[PDB]
Amino acid sequence: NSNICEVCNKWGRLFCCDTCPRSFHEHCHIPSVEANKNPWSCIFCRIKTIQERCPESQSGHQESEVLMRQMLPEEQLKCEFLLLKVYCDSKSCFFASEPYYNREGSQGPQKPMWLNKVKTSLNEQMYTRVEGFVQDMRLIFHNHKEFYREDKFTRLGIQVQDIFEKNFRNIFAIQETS
Ligand SMILES: [Zn+2]
Ligand SMILES: [Zn+2]
Ligand SMILES: [Zn+2]
């Protein structure tokens, strides 16, 4: 097994996956690493199993159809993994915790959003469709672009949104386009 957390790339109190060499801090894994279960398989292994059990799940899909899916166990897992993939980028630190807004010439967003709030929402099964989760994720970056206007700090929102969108297209097998 790896000697650092797959998500935050630090050592510490790590839980090791039984089916692959990754390790995690307890609350870096999503969902949080389970109390018992031997063997234990991480989210990366669980996602790979879904794909192996249904190879056709990798054929291209339309985003509009994906968004309307109900949050059954397999969609719930895919959204958890997509969230995890965003936390894996070190620039996610800017969007993890609850933001505040006091900048000359700007007004804060009507509906603030941040990654830890999305993490809680997933954990508490508040989203009924994939759409709910994706809308909250995209709102994080949209609020950031709008608030920071022409400051170069806006680019952090562009960068992290690109990681989200690439991972979304991969995990949910969105049909490739020009
Ligand atoms: Zn970690
Ligand atoms: Zn694993
Ligand atoms: Zn099948």
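All residue numbers refer to positions in the sequence shown, counting from 1. Atoms within a ligand are numbered from 1 in the order they appear, just like the ligands themselves. Scope of the values below: all heavy atoms of this structure, side chains included, with no hydrogens, waters or symmetry mates.
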Could you tell me whether any N, O or S atom belonging to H27 is less than 2.8 Å from the Zn ion (ligand 1)? no

Is the backbone N or O of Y87 less than 3.5 Å from a side-chain atom of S92, with the two atoms forming a donor-acceptor pair by type? yes

Taking the six-membered ring of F153 as reference, does the NZ or CZ atom of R155 fall below 6.0 Å from its centre and within a 45° cone about the axis? no

Can you tell me how far SG of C42 sits from CD1 of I47, rounded to the nearest 0.5 angstrom? 10.0 Å

Test ring-ring contact (aromatic ring centres under 6.0 Å, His included) applied to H25 - qualifying residues, sequence neighbours left out: none

Rounded to the nearest 10°, what angle sits at the Zn ion (ligand 1) between SG of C8 and ND1 of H25? 100°

Could you grab the distance from atom CZ of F141 to atom CZ of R138, nearest 0.5 Å is fine? 10.5 Å

Listed as residue and atom, the protein N/O/S atoms under 2.8 Å from the Zn ion (ligand 2) are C17 SG, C20 SG, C42 SG, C45 SG

Given side chains that start at C-beta, do those of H61 and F172 come closer than 4.5 Å, heavy atoms only? no

Ignoring hydrogens and angles, tell me if any N or O in the side chain of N9 forms a donor-acceptor pair with the backbone of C88 under 3.5 Å. no

